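Reviewing the structure listed below.
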Amino acid sequence: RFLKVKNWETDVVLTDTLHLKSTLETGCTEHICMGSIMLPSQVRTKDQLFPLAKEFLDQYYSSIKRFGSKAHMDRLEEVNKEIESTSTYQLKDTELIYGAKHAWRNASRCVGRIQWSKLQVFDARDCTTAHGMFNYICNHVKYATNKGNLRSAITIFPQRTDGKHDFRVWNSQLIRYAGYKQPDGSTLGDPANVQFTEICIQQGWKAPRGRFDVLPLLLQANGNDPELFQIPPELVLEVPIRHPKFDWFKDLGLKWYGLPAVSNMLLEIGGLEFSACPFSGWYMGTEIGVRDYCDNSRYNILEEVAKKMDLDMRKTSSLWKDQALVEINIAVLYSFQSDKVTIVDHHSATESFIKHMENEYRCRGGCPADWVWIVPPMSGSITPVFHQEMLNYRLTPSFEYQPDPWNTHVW
Amino acid sequence: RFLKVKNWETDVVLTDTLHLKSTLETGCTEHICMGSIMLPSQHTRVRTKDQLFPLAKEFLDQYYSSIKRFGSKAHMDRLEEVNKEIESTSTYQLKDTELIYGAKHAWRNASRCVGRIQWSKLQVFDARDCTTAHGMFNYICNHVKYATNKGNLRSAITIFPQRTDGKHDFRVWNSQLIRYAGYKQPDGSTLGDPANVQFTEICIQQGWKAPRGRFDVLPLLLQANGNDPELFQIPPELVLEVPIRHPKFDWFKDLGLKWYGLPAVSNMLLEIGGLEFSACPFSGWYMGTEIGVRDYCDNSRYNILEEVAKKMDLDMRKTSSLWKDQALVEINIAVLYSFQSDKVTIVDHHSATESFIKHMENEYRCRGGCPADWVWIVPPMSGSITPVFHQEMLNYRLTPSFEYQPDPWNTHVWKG
Ligand code: HEM
Ligand code: HEM
Ligand SMILES: Cc1cc(N)nc(CCc2cc(CCN(C)C)cc(F)c2F)c1
Ligand SMILES: Cc1cc(N)nc(CCc2cc(CCN(C)C)cc(F)c2F)c1
Ligand SMILES: C[C@H](O)[C@H](O)[C@H]1CNc2nc(N)[nH]c(=O)c2N1
Ligand SMILES: C[C@H](O)[C@H](O)[C@H]1CNc2nc(N)[nH]c(=O)c2N1
Ligand SMILES: [Zn+2]
């Protein structure tokens with residue numbers, strides 16, 4: 001019940017007591033493990049809301065060494081009063097900042113959590129319109145990008161009330177490339193964004209129909225129809241992709257954007273639901289070079305790179321895919337580093353996470369971690385996280401998935 | 001109750017009902033996932049007549065179902081026979097056909113095994129009449145010769161007598177039938193395979209005269225009927241090895257690397273209808289990454305990345321040059337090239353994972369599911385350019401099964 005995790009490369013053994021504080025469910029049972037399911041299933045009556053608020057305030061006042069004190073009891077009483085009256089409540093600025101940093105700290109699928117405490121939280125709870133949302137998002141983008149010296153940030157729009165007045169960013173990321181289905185049946189640009197690229201066109205947008213067209217923002221305030229906004233191109237930092245050895249690499253015409261900024265998740269703090277809460281950090285190189293570039297359901301460039309490398313593509317056992325894969329990921333890192341845009345390779349990031357785990361076990365009693373997501377999509381076993389046992393459990397505050405708004409919106 | 005899994009690259013959705021026939025626990029709960037724990041409590045293995053007949057009945061029901069004889073007179077008589085044999089003798093014996101079925105289905109049920117497309121073509125050698133360590137040595141030699149087949153490898157398992165009172169166990173003390181020694185030097189470095197240092201020390205203590213090189217095949221340490229284990233040397237003409245060279249880099253051979261051809265796991269426990277076979281070596285053929293990624297490049301194994309990267313003259317100062325990833329690919333090319341050139345059976349990780357997906361889809365169609373452990377099925381390099389990376393997998397425990405068991409030197413009561 002006081003569980004232990006072993007690193008099989010170093011024999012370091014850590015003891016986990018934090019899991020006992022787990023609140024939500026994993027979708028596993030003792031008869032079946034669902035550890036590789038992408039998304040298991042896992043409005044609030046007045047009954048459900050106050051315990052959730054109590055739990056959150058308890059951990060907040062503990063964190064500032066004021067558990068069971070003056071201010072703690074008062075704030076519990078005050079929030080207790082507000083829920084009885086308004087059937088909801090509002091976080092003080094300090095509690096909102098704490099809740100957001102801890103949602104990141106608790107994200108068991110995130111390898112970059114050693115940075116969790118440096119998050120810049122932009123309070124946008126006074127926003128009322130999509131034009132105002134656009135303004136907050138431009139400021140976020142500019143602040144986070146910082147001319148290539150990327151800084152972590154989250155912007156938090158007003159919380160859900162009755163489900164009718166939801167704030168939503170319809171984009172999955174603030175910055176993503178368009179995808180178009182060609183007449184000849186193929187796909188131009190990013191195939192993952194074909195449907196969204198249509199809900200932009202088939203709703204107003206005017207597509208350049210290129211291979212790397214920055215999508216517009218589709219912003220929904222207070223439950224109204226969403227509105228199209230173009231991010232000022234001067235705010236969208238992009239990196240042309242070249243190789244430090246293959247001069248033909250530059251001729252491939254590849255680029256990527258510097259800022260990874262997830263915008264479709266739900267931030268839950270003390271029972272309150274923030275349905276629009278775009279957050280951003282900086283890339284790990286494999287996210288672009290392995291997944292974005294080489295997935296068969298994405299830009300899928302492996303064949304073309306290997307052909308330009310003149311590798312033997314007759315038999316899989318020549319490992320031509322693996323050879324091209326390494327080079328593509330050398331070029332991504334080389335290009336970001338050359339343009340002075342923050343990026344981390346998978347070796348450095350997983351080493352940081354092991355140190356972060358050791359820190360969290362030593363100072364917090366544990367660190368929930370999802371091995372299936374933490375281990376990078378290339379060279380898995382030469383990174384230290386491959387040999388690290390991890391316990392996965394759900395702590396709150398948390399980031400959660402939510403349905404795509406176009407399947408839900410009372411249009 | 002039905003359950004769905006999705007392949008996120010193809011959008012193929014499959015429906016699992018087989019998990020309903022699961023009994024053993026996983027280690028997970030509603031509040032914690034233990035999916036990345038190497039040996040959970042439930043995957044490891046002291047058994048009385050109390051719980052044995054229901055385990056036998058379940059196995060015999062499965063067996064007679066697969067042969068389309070469920071409820072037949074042969075089925076009912078066999079249940080009656082096993083029942084009376086249990087109450088009178090406290091255990092029972094499997095027929096040859098049941099043992100073959102059981103061993104094949106233990107492999108079929110091995111959720112961490114990516115090679116299960118081959119499960120129905122397993123050669124089962126019945127060594128239940130064995131009584132002495134020398135008899136074990138002879139059975140293992142025939143297994144190695146048959147399975148090796150001059151490079152054209154064949155899957156096989158040899159099954160020694162089942163456990164009785166746990167005081168007379170048959171055990172192969174080696175973790176694999178063929179493995180290289182490892183020696184800790186006084187300066188703290190290791191010669192050979194660091195994973196085998198502890199077992200190497202036991203062999204030396206038992207009287208093995210060690211050549212003390214980097215690729216010495218370990219002797220067999222064999223325990224019959226709960227007696228002290230005895231040392232045996234596999235005939236070298238039976239140990240097929242492959243010198244590792246690279247198809248473009250002529251300096252690669254000068255690294256002096258080789259590996260053996262036959263992967264043969266010898267420390268696991270085979271459970272069939274409540275019976276425990278503590279000595280059941282099994283063998284197949286290698287997937288290239290097992291050698292090229294894990295054996296050669298794990299920091300805690302031969303750990304050749306640096307010396308390989310040096311000879312390639314990559315930028316080794318910063319990790320963002322991916323010199324480690326670049327060396328890793330070339331080493332894995334060398335392993336596959338060497339085995340194929342010597343006509344020793346091997347499969348690369350692209351082929352093996354593709355076969356597994358086809359196997360898994362077929363198992364969902366004809367069996368209602370396929371228990372699979374993503375953490376183990378995804379290869380240790382180039383994960384997401386294989387199709388299993390994108391495959392949702394349900395992991396649950398079916399019997400018959402292979403289980404872990406403690407190392408015998410930790411439990412054995414020495415005779416002297
Ligand atoms: C600063 C550098 C960061 C790095 C290098 C990083 C890296 C990653 C990576 C590689 C993933 C895997 C997901 C995928 O492959 O698509 C991930 C997941 C995630 N990240 Fe981080 N991240 C960073 C910052 C942040 C920040 C600032 C937040 C929120 C404040 C965050 C929250 C999350 C969440 C919630 C997930 C998983 C979503 C899920 O549960 O499916 N990350 N991260
Ligand atoms: C025929 C070619 C085969 C291939 C390519 C293959 C491949 C693999 C691989 C790569 C693993 C992962 C384990 C590791 O990385 O150390 C594995 C696990 C396993 N294999 Fe197979 N295997 C084959 C045949 C067999 C046979 C014949 C059996 C038994 C009759 C078997 C039973 C198992 C079991 C029980 C495990 C799980 C070990 C555990 O639970 O920790 N395999 N296999
Ligand atoms: C801030 C940040 C930094 C970084 N380096 N990478 C990312 C992308 C990670 C990410 C991806 C997804 C898509 C899930 N996929 C199955 C479609 C959802 C998320 F919530 C998430 F955080 C974000
Ligand atoms: C027949 C066969 C074919 C193949 N290609 N590879 C293998 C080795 C895989 C393997 C490794 C282990 C050690 C686990 N670790 C804790 C050291 C245990 C096993 F039961 C197992 F099957 C076997
Ligand atoms: C099916 C499987 O769960 C799916 O492919 C997961 C596997 N691991 C992952 N890991 C990361 N970091 N990102 C992903 O999108 C995925 N996808
Ligand atoms: C901690 C983790 O469970 C452990 O390192 C596992 C990960 N996946 C693996 N997968 C395979 N095939 N073989 C292994 O030894 C491991 N080791
Ligand atoms: Zn689980």
Side-chain angles (χ1 to χ4, degrees), chain A residues 34-40 42 97 99-122 140 144 150-156 172-176 192-193 257-268 274 277-288 290-292 295 297-298 342-346 348-350 352-353 356 368-378 380 385 392 394 397-402 404, chain B residues 5-12 35 357 372 374-375 377-378 383-394:
Chain A
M34 304 215 149
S36 73
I37 305 300
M38 178 98 73
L39 346 121
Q42 299 85 5
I97 294 161
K101 288 178 179 192
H102 274 72
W104 185 8
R105 193 187 192 174
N106 295 341
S108 71
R109 291 182 162 167
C110 175
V111 69
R113 281 179 281 167
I114 191 181
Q115 294 285 299
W116 71 265
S117 68
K118 297 213 282 293
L119 183 64
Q120 180 57 226
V121 180
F122 295 116
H140 181 128
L150 305 184
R151 302 179 280 196
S152 302
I154 179 162
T155 298
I156 296 167
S172 58
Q173 296 181 25
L174 299 185
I175 301 183
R176 285 207 82 169
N193 299 320
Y257 48 91
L259 190 67
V262 166
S263 51
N264 58 6
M265 296 216 76
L266 189 159
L267 162 63
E268 183 193 55
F274 299 92
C277 59
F279 56 83
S280 68
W282 53 79
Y283 269 117
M284 184 167 66
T286 56
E287 294 178 84
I288 307 173
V290 186
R291 300 309 308 285
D292 291 325
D295 268 4
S297 18
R298 305 285 305 285
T342 307
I343 195 166
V344 59
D345 62 74
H346 51 294
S348 187
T350 60
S352 296
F353 185 72
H356 172 62
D370 187 339
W371 195 101
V372 172
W373 288 62
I374 295 287
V375 173
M378 69 181 274
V385 288
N392 193 27
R394 302 223 308 170
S398 58
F399 291 107
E400 302 292 338
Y401 288 104
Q402 54 183 346
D404 276 329
Chain B
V5 292
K6 182 179 182 178
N7 184 297
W8 288 87
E9 171 185 37
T10 64
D11 287 278
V12 174
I357 286 300
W374 195 102
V375 160
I377 294 292
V378 174
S384 65
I385 58 165
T386 70
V388 288
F389 182 95
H390 305 272
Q391 180 66 54
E392 295 187 340
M393 294 168 198
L394 295 178

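Throughout, protein chains are lettered first and strands after them, A, B, ... in sequence-line order, and every chain is numbered starting at 1. Just follow the structure's listing: the first ligand is 1, and inside any ligand the first atom is 1. Only this structure's heavy atoms are used, side chains among them; waters, hydrogens and symmetry mates stay out.
A donor-acceptor distance shorter than 3.5 angstrom exists from the side chain of B/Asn7 to the backbone of B/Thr10, with no hydrogens or angles considered. The closest donor-acceptor contact from the side chain of A/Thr286 to the backbone of A/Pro377 lies at 3.5 Å or more, if one exists at all.
Ring geometry, A/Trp371 versus B/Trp374: the interplanar angle exceeds 60°, so the pair is classed perpendicular (tilted spans 30 to 60°). Ring geometry for A/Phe399 against A/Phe279 counts as tilted: the plane angle lies between 30° and 60°, on a 0 to 90° scale.
Only the side chain of B/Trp374 comes within contact range of ligand 5, with a heavy atom under 4.0 Å; no backbone atom does.
The closest side-chain heavy-atom distance from A/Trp282 to A/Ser152 is below 4.5 Å. Between A/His346 and A/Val111 there is no side-chain heavy-atom pair separated by less than 4.5 Å. Two residues are said to be in side-chain contact when any heavy atoms from C-beta on lie closer than 4.5 Å; A/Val385 and A/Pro376 meet this criterion. In this structure the side chain of B/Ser384 reaches within 4.5 angstrom of the side chain of B/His390, judged on heavy atoms. With a 4.5 Å cut-off on side-chain heavy atoms, B/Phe389 and B/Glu9 do not count as touching. Between B/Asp11 and B/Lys6, the closest side-chain pair of non-hydrogen atoms falls below 4.5 Å. By the 4.5 Å heavy-atom criterion applied to side chains, A/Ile154 and A/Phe274 are not counted as neighbours. In this structure, A/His356 and A/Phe353 have side chains that are in contact, with non-hydrogen atoms separated by less than 4.5 Å.
In summary, the atoms of ligand 5 found under 4.0 Å from a heavy atom of B/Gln391, numbered by their order in the structure, are 1 (C). Distances below 4.0 Å separate heavy atoms of B/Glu392 from the following atoms of ligand 5: 1 (C). Here is the list of ligand 1 atoms found below 4.0 Å of a heavy atom in A/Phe399: 29 (C), 30 (C), 35 (C).
The shortest contact between atom 5 (C) of ligand 1 and any protein heavy atom is with A/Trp282 O, 3.3 Å. Of the protein's non-hydrogen atoms, the one nearest atom 12 (N) of ligand 5 is A/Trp373 O, 3.1 Å. From the protein, the heavy atom lying nearest to atom 2 (C) of ligand 5 is B/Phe389 O, 3.4 Å. Here the protein heavy atom with the shortest distance to atom 14 (C) of ligand 1 is A/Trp373 CZ3, 4.2 Å. Protein heavy atom closest to atom 29 (C) of ligand 1, with residue, atom name and distance, is A/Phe279 CD1, 3.2 Å. Among all protein heavy atoms, the one lying closest to atom 8 (N) of ligand 5 is A/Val372 O, 3.1 Å. Counting protein heavy atoms only, atom 41 (O) of ligand 1 is closest to A/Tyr401 OH, 2.2 Å.
Heavy atoms of A/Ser152 come nearer than 4.0 angstrom to ligand 1 in at least one pair. The closest approach between any non-hydrogen atom of A/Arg291 and ligand 5 is below 4.0 Å. Assignment of A/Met284 to the shell around ligand 1 is supported, since a heavy atom sits closer than 4.0 Å. Judged by the shortest distance from any of its heavy atoms, A/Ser280 lies inside the 4.0 Å radius around the atoms of ligand 1.
For ligand 5, the polar-atom distance check finds an N/O of A/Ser36 within less than 3.5 Å of one of the ligand's N/O atoms.
Heavy-atom proximity to atom 9 (C) of ligand 1, evaluated over A/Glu287, A/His346, A/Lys101, is greatest for A/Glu287.
Protein N/O/S atoms closer than 2.8 Å to atom 21 (Fe) of ligand 1, listed by chain and residue number, are A/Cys110 SG.
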Report the C-alpha separation of A/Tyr283 and A/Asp292 in whole Å, then their side-chain angles, then the decisive distance to 0.1 Å, and conclude whether the side chain to side chain contact (heavy atoms under 4.5 Å, CB included) test is met. CA-CA 12 Å; A/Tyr283 269 117; A/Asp292 291 325; 4.3 Å; yes
Steps toward side chain to side chain contact (heavy atoms under 4.5 Å, CB included) verdict (A/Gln42, A/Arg394): CA-CA 9 Å; A/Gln42 299 85 5; A/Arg394 302 223 308 170; 3.7 Å; yes
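Donor-acceptor pairing under 3.5 Å is recorded for the side chains of A/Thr155 and A/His140.
For the atom pair CE (A/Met284) and CD1 (A/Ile343), the distance works out to 10.0 Å, reported to the nearest 0.5 Å.
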Show me a pair-per-line table, with atom names and distances to 0.1 Å, of protein N or O atoms that are under 3.5 Å from an N or O of ligand 3.
{"unit_1": "ligand 3", "atom_1": "5 (N)", "unit_2": "A/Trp282", "atom_2": "O", "d": "2.8"}
{"unit_1": "ligand 3", "atom_1": "5 (N)", "unit_2": "A/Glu287", "atom_2": "OE2", "d": "2.8"}
{"unit_1": "ligand 3", "atom_1": "6 (N)", "unit_2": "A/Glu287", "atom_2": "OE1", "d": "2.7"}

